[PDB]
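Asker:
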Amino acid sequence: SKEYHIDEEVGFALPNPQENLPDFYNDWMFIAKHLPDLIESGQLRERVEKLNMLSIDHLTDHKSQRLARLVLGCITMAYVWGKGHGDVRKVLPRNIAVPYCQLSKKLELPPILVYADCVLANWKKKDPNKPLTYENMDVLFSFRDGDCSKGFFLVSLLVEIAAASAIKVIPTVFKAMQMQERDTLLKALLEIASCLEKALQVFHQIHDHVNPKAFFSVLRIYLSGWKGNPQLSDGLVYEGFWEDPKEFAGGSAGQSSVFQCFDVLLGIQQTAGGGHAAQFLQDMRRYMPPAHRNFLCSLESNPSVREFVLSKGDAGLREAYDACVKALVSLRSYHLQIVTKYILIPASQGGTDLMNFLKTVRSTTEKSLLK
Amino acid sequence: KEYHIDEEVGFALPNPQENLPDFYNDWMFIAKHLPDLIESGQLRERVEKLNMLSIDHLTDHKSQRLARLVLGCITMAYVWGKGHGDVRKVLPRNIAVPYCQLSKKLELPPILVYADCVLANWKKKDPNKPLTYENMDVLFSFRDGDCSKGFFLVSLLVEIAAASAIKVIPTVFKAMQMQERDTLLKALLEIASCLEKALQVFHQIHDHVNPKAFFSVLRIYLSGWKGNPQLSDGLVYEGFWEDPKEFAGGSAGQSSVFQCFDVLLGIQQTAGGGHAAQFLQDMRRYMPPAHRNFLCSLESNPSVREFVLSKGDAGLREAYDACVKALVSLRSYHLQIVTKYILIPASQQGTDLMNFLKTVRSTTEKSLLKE
Ligand code: HEM
Ligand code: HEM
Ligand SMILES: Nc1ccc(Cl)cc1-c1ncn[nH]1
Ligand SMILES: Nc1ccc(Cl)cc1-c1ncn[nH]1
Ligand SMILES: Nc1ccc(Cl)cc1-c1ncn[nH]1
Ligand SMILES: Nc1ccc(Cl)cc1-c1ncn[nH]1
């Protein structure tokens, strides 16, 4: 595509993100890399309260401003959720609060671990001269041992890389519509469908590397935020930045541009209506990087691929379009079954509005089939 | 460009349609005699006796904007009735279905919206005269003595005064990239000139609106059903949705030209998770699609604010500040209007309203070039 910071190889992810900061900031990363055994010992909160306020004026490139936001975001999650059994810190220490916020609002992100931090900037290749498989990859940061966070972040990133392969044929879709290149558009839409289809096969790998009683009971709590949470009723205080507490939702895959872009490409207005789902997905855009909003906004301001394919009466076109929407329905319906496996049944051993929420998005997707 | 802009009237609808196809005479009669039907108590009767008219005989965009305006005023008149408290909670099928079908086609919620009752609700008496209050009028009003002509036309007149600055928005972004310091100064000054002229047109609101008529009559018919005690969980659109849906009443926050200058001047009115940032973002779902595409696409370009901040140019900075100073004066003068037309009439039988508008103005003066 364009300078929207989209890689041809990994798409919206950060290509080969940085693992080490300037040693100026080694006080920070010492904490982050040893979080699994700093939380167990009741000494993570104390060592955070010890650190003195470092300045953000020495983050040179963009790749280490991201790495900094990941470290500062992972510490912030570990500090406020503690061991994970209902002990909550409602005020973030001053000497890490204002470094987190000063950086965050220079990348136009909210001061909390978002999807682009802990997934897109949170990976590396085992052998740098090797492909992109679950074997040859490893996550840079985890919360506590045995939380399956390496499985969760990676297979989510792997299908992100899988679907993002279709991003570089989006410009083909829009210009085939402009020059009336029917055959090109048809092949373009078919290629998009093959990517969303194989992004579902990569999505099967979650049964192998994430365990339900693990995800629900440890990794869920560290990825929660302080927006509409009874544990942090009025939000979290960023000491020294805002005197009042600020609310921010936790990390979500709805904060991925790849996963929202195909809905606006195919003309599925998932943001239309006053529904809680249409509202959530819109709010989650301000939790995406700025170049990633501008890409979704630019897709919105293009002629509807749907209404174009609708007007042609082309049974070939209308099947290639229906192929893409069937791939999103299958993904969302298979995604519904794992929510039964990884939230519903673990919670058994309120929560019914979650399935309604997701079924709302699936139904709107499935109500966009042409024929 | 293609954002459906007008050289003279801007984001307003250029010379809207005054009549619909005689197929829809059943609708047009109810809208054109809205005060008489409500005054006699026979409006809800003639709406229930309506047959379902297919929206298919509405081809032109202008004939669809007129129908949205007609159906919207009838809808507002049906729900509120006499406006004294006896509200209807179910919108009859024979108007709810054509309403929602048309709203779907135009990507707007099924409720009366600024783009209907201001941008599409006006007429030029003499085509050879200028766009002045004595040359213009409205198409549809709610009650007798509701001062609908004043409120809508003063707003529409202000919208045109500010839209005269939209044509130099590409000049500002052209000059920033080609590094043309002179024309960027001239362009910024021209923007500040138009905004200060809009404040002068805004003064007419004292002449054609009176506080009692607005607060007691017109304000009622603009109220929606989102977060309202009288319609707890929305409105029934019979035959189109099994469940009631919530939607917000009309607001000038639904106007793009009033949100765009904040976006242009780098004044992030939408950053953070505050109520004000949320409300203004929520209102973009109430603007025409091409109008809300223009807002976020302005967010894509490099920020005019940080560019002026780097150039250490007492000329540039004084010109950039002049625009921000014009917004702060418009927003502060608007607060004197609110207390006259809402707060004071409330005191002859509120705060969260003021604290929103104070927060929005406070965010603008934070953008004054001293930080
Ligand atoms: C244990 C595994 C998973 C669980 C329990 C789960 C659960 C959920 C929940 C609760 C939501 C509601 C929105 C929110 O609360 O953030 C959601 C939405 C969503 N999830 Fe997941 N999820 C899982 C794995 C994944 C993965 C691996 C992906 C993609 C790589 C994904 C993609 C999405 C998307 C795109 C949405 C937005 C709604 C939509 O697009 O239909 N999920 N999921
Ligand atoms: C009787 C006269 C008026 C009253 C009582 C009034 C009241 C209000 C209210 C209640 C809001 C908050 C938004 C909402 O609650 O929906 C608001 C905001 C706003 N008003 Fe008005 N209004 C009046 C006239 C006007 C006019 C003629 C304009 C024309 C430009 C205008 C421009 C705006 C704008 C742009 C906002 C959005 C907030 C902002 O941009 O700062 N108002 N006003
Ligand atoms: N796949 C994910 C990866 C990272 C984060 Cl922070 C959240 C998710 C997710 N949110 C909803 N479902 N899955
Ligand atoms: N919308 C989605 C919902 C759930 C899952 Cl698992 C994936 C997607 C998606 N994949 C590509 N685009 N969107
Ligand atoms: N000026 C307006 C014109 C039409 C409608 Cl529906 C609302 C407003 C307004 N809302 C808040 N302030 N002004
Ligand atoms: N932001 C505003 C708030 C209140 C009023 Cl009355 C006008 C404006 C405005 N006019 C042109 N741009 N902005």
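Chains as they are written, first to last, in the entry's author numbering: chain B, 12 to 360, 380 to 401; chain A, 13 to 361, 381 to 402.
Using N, Cα and C, we set each Cβ at its ideal position, and we do this for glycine too.
Taking 8 Å as the CB-CB cut-off, is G285 of chain A touching chain B?
Answerer: Taking Cβ atoms only, chain B reaches closer than 8 Å to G285 of chain A, which makes this a yes.
Asker: Note down, in chain order, every chain B residue with its Cβ under 8 Å from the Cβ of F259 of chain A.
Answerer: Result: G285.
Asker: Whole-angstrom Cβ separation of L46 of chain A and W39 of chain A, contact assumed at under 8 Å?
Answerer: Incorrect: roughly 11 Å between the Cβ atoms, too far for contact.
Asker: How would you call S398 of chain A, buried or exposed, if buried means at least 16 neighbouring beta carbons within 10 angstroms?
Answerer: Classification for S398 of chain A: buried.
Asker: According to DSSP, what are the bridge partners of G93 of chain A?
Answerer: DSSP, once it has assigned bridges, lists no residue as partnering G93 of chain A.
Asker: Do you know how far the Cα of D158 of chain A is from the Cα of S315 of chain A?
Answerer: Near 42 Å, if we compare the C-alpha coordinates of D158 of chain A and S315 of chain A.
Asker: Within 8 Å of any Cβ in chain B, is that where the Cβ of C308 of chain A sits?
Answerer: For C308 of chain A, the answer is yes, since a Cβ of chain B falls inside 8 Å of its Cβ.
Asker: Between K238 of chain A and chain B, is any beta-carbon pair separated by less than 8 Å?
Answerer: Yes, contact with chain B.
Asker: Would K94 of chain B and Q29 of chain B qualify as a contact pair, given that the criterion is a beta-carbon distance under 8 Å?
Answerer: No.
Asker: Per the contact definition of three or more C-beta pairs closer than 8 Å, is the segment 337-351 of chain A in contact with the segment 198-210 of chain A?
Answerer: In short, these stretches touch, since the Cβ pair count reaches three.
Asker: Report, in whole angstroms, the separation of the C-beta atoms of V59 of chain B and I17 of chain B, which I expect to be a contact under 8 Å.
Answerer: The Cβ separation is near 36 Å, so there is no contact.
Asker: Could you tell me whether any Cβ in chain B is nearer than 8 Å to the Cβ of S312 of chain A?
Answerer: By this cut-off, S312 of chain A is an interface position.
Asker: For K257 of chain A, count the other beta carbons within 10 Å of its own beta carbon; 16 or more makes it buried, fewer makes it exposed. Which is it?
Answerer: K257 of chain A comes out buried.
Asker: Output, in chain order, the set of chain B residues within a Cβ distance shorter than 8 Å of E402 of chain A.
Answerer: Result: empty, since nearest Cβ-Cβ is about 13 Å, beyond 8 Å.
Asker: Let me check you understand the geometry: is the CB of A264 of chain A closer than 7 Å to at least one non-hydrogen atom of ligand 5?
Answerer: The answer is yes for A264 of chain A.
Asker: Going by Cα to Cα distance, which pick from B:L243, B:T390, B:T382 is closest to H287 of chain B?
Answerer: Ranking the options by Cα distance to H287 of chain B, first place goes to B:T390.
Asker: According to DSSP, simplified to helix, strand and coil, what is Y249 of chain A?
Answerer: It is a strand residue.
Asker: Just reading off the alpha helix (DSSP H) that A334 of chain B is part of, what are its end residues?
Answerer: Element bounds for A334 of chain B: 326-350.
Asker: Within its chain, find whatever has a CB closer than 7 Å to the CB of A289 of chain A; leave out the 5 residues flanking it on each side and keep chain order.
Answerer: Once the five neighbours on either side are set aside, the close Cβ partners of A289 of chain A are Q281, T282, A283.
Asker: Hey, residue 363 of chain B and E208 of chain B are a contact pair by Cβ (cut 8 Å); roughly how many whole angstroms apart?
Answerer: No atoms are given for residue 363 of chain B, which sits in the stretch of chain B between 360 and 380 that the model skips.
Asker: Please state whether DSSP places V102 of chain B in a helix, a strand or coil.
Answerer: Correct three-state label for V102 of chain B: strand.
Asker: Measure the beta-carbon distance from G262 of chain A to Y126 of chain A and round it to whole angstroms, keeping in mind my assumption that it falls under 8 Å.
Answerer: So it is a contact: roughly 5 Å between Cβ atoms.
Asker: Extract the residue ranges of the alpha helix (DSSP H) inside the segment 12-96 of chain B, only unbroken runs of 4 or more that lie entirely within it.
Answerer: Those alpha helix (DSSP H) runs which fall completely within the segment 12-96 of chain B and span 4+ residues are 37-44, 46-50, 55-61, 74-92.
Asker: Using the beta-carbon of each residue, which ones in chain B are nearer than 8 Å to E318 of chain A?
Answerer: Under the 8 Å cutoff, chain B gives no residues; its nearest Cβ is about 10 Å from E318 of chain A.
Asker: Please classify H96 of chain A as buried or exposed, where buried requires at least 16 neighbouring CB atoms within 10 angstroms.
Answerer: With fewer than 16 Cβ atoms within 10 Å of its Cβ, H96 of chain A is classed as exposed.
Asker: Could you check the C-alpha separation between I181 of chain B and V166 of chain B for me, to the nearest Å?
Answerer: Using only the alpha carbons, I get a separation of about 24 Å.
Asker: Mind listing the chain B neighbours of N305 of chain A? Cutoff is C-beta to C-beta under 8 Å, in chain order.
Answerer: Here the neighbours are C308, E311, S312.
Asker: Please classify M148 of chain A: does DSSP put it in a helix, a strand, or coil?
Answerer: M148 of chain A: strand per DSSP, three-state reduction.
Asker: With 16 as the cutoff for other CB atoms within 10 Å, does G236 of chain A come out buried or exposed?
Answerer: It counts as buried.
Asker: Can you look up residue 476 of chain A in the DSSP assignment and give me helix, strand or coil?
Answerer: Here chain A comprises residues numbered 13 to 402, so residue 476 of chain A is not present and cannot be evaluated.
Asker: With contact counted as at least three CB pairs below 8 Å, one residue from each stretch, are the segment 299-308 of chain B and the segment 264-271 of chain B in contact?
Answerer: Segments in contact, yes.
Asker: Kindly indicate if chain B contains any beta-carbon less than 8 Å away from that of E171 of chain A.
Answerer: No - not a single Cβ of chain B is within 8 Å of the one on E171 of chain A.
Asker: Mapping the DSSP letters down to three states, classify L384 of chain A as helix, strand or coil.
Answerer: Of the three classes helix, strand and coil, the one that applies to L384 of chain A here is helix, per DSSP.
Asker: Counting only Cβ pairs nearer than 8 Å, list the residues of chain B close to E119 of chain A.
Answerer: Result: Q280, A283.
Asker: Let me have the residue list for ligand 6: C-beta closer than 5 Å to any non-hydrogen atom, ordered along the chain.
Answerer: Selection output, chain order preserved: A:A174, A:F270, A:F273, A:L342, A:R343, A:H346.
Asker: Counting only the same chain and skipping the five closest in sequence on each side, list residues whose C-beta sits under 6 Å from that of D156 of chain A.
Answerer: Within the same chain, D156 of chain A has close Cβ partners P47.
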